[PDB]
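Asks: Going down the list, the sequences are from chains A and B. Mapping of the first sequence onto UniProt numbering: position 156 corresponds to residue 502, and the numbering continues sequentially without gaps. Mapping of the second sequence onto UniProt numbering: position 7 corresponds to residue 246, and the numbering continues sequentially without gaps. The structure that follows is given in the form of structure tokens.
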Amino acid sequence: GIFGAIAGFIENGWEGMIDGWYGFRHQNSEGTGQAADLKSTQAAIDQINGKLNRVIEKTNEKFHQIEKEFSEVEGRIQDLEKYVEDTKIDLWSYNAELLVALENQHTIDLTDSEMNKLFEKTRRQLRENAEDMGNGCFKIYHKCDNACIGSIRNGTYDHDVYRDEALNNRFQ
Amino acid sequence: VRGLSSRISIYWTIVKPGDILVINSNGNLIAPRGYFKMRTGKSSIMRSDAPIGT
Ligand SMILES: *[C@@H]1O[C@H](CO)[C@@H](O)[C@H](O)[C@H]1NC(C)=O
């Protein structure tokens with residue numbers, strides 16, 4: 347993907363994350379656990395639904411048209427009728443092929459984006475209290491219990507509370 | 240065909256309001272007994288052996 351997160355610096359996805367599309371796993375003094383991030387899951391899904399609504403959209407309505415099957419050889423005028431239909435089908439076939447390929451490239455890129463946005467939002471929250479370990483994981487340089495982890499996921503983690511402790515651990 | 244060597248050829252004529260139909264013949268005329276109404280809309284026709292369902 348164009349951001350390098352999914353199938354990039356995050357080695358692989360999590361089959362055990364069954365209640366969201368993106369999320370956090372943590373390790374701390376009390377153990378390990380997981381949680382979905384709703385707002386990024388919803389972002390990816392909303393975009394994808396936007397794209398579905400545009401495509402699953404009302405088919406045109408046509409009634410009487412030209413004929414497209416013929417029981418007798420007639421020559422010039424039937425040549426035309428066939429060429430007309432064959433030309434339309436090829437054009438529409440091309441459109442459908444291109445559409446699906448563009449959308450799919452964009453779908454894979456936008457979901458990559460969201461993963462990357464969530465990571466960056468997290469990196470920003472932690473300030474000087476953590477280092478990026480390169481695989482999508484943050485080493486956090488202070489005691490960080492389940493509530494603390496919870497505040498990181500809520501967006502109410504106050505880095506100044508932990509700053510003297512983390513800076514001390516980071517630089518020795 | 241069904242016993243005959245003879246044929247009838249079918250033709251058509253559309254007469255617009257205000258216009259006037261005249262028919263002239265000294266033989267071989269297969270005459271109309273009147274007219275079909277013309278309408279416009281979503282109507283068409285299709286070739287198929289698929290059965291009809293409810
Ligand atoms: C999430 O934020 C709420 C509201 O500020 C807070 O009460 C709670 O401690 C946070 N969640 C966790 C698990 O700490």
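Using N, Cα and C, we set each Cβ at its ideal position, and we do this for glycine too.
For ligand 1, which residues have a Cβ under 6 angstroms from at least one heavy atom, in chain order?
Replies: Going by the Cβ distance cut-off, the answer is A:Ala-493, A:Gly-496, A:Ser-497, A:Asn-500, A:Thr-502.
Asks: CB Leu-464 of chain A to CB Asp-365 of chain A, shorter than 9 angstroms?
Replies: No.
Asks: Are at least three pairs of beta-carbons, each pair with one atom in the stretch 352-366 of chain A and one in the stretch 432-439 of chain A, less than 8 angstroms apart?
Replies: As far as the Cβ criterion goes, the stretch 352-366 of chain A does not touch the stretch 432-439 of chain A, which means the pair count is below three.
Asks: Counting only beta-carbon atoms, is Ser-283 of chain B nearer than 9 angstroms to chain A?
Replies: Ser-283 of chain B counts as touching chain A.
Asks: Give a yes or no on whether 9 angstroms exceeds the smallest Cβ distance from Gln-411 of chain A to chain B.
Replies: Yes, contact with chain B.
Asks: Excluding the 5 residues preceding and the 5 following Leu-445 of chain A in the sequence, name in chain order all residues of the same chain whose CB lies nearer than 8 angstroms to its CB.
Replies: The answer, listed in chain order, is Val-401.
Asks: With a CB to CB cut of under 6 angstroms and the five nearest residues on each side skipped, what residues in its chain are close to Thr-457 of chain A?
Replies: The answer, listed in chain order, is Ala-390.
Asks: Starting from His-372 of chain A, follow its DSSP beta bridges and name the residues at the other end.
Replies: Answer is A:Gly-379, bridged to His-372 of chain A.
Asks: Whole-angstrom Cβ separation of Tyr-508 of chain A and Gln-471 of chain A, contact assumed at under 8 angstroms?
Replies: Their Cβ separation, rounded to whole angstroms, is 11 angstroms, which puts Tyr-508 of chain A and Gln-471 of chain A out of contact at 8 angstroms.
Asks: Our contact map puts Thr-387 of chain A next to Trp-367 of chain A with C-beta atoms below 8 angstroms; I'd like the distance itself, whole angstroms only.
Replies: Right, their Cβ atoms sit about 4 angstroms apart.
Asks: The beta strand (DSSP E) spanning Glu-427 of chain A covers which residue range?
Replies: Here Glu-427 of chain A belongs to no beta strand (DSSP E); instead the alpha helix (DSSP H) covers 422-472.
Asks: Using only the alpha-carbon positions, how far apart do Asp-288 of chain B and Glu-415 of chain A sit?
Replies: Whole-angstrom Cα-Cα distance: 15 angstroms.
Asks: Could you check what DSSP says for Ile-402 of chain A in three-state terms: helix, strand or coil?
Replies: DSSP places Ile-402 of chain A in coil when its eight states are reduced to three.
Asks: So who's on the other strand from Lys-485 of chain A, going by DSSP bridges?
Replies: For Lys-485 of chain A, which the question treats as bridged, DSSP gives the partners A:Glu-477.
Asks: Give the DSSP-derived three-state secondary structure of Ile-356 of chain A in the structure shown.
Replies: Reduced to three states, the DSSP call for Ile-356 of chain A is strand.
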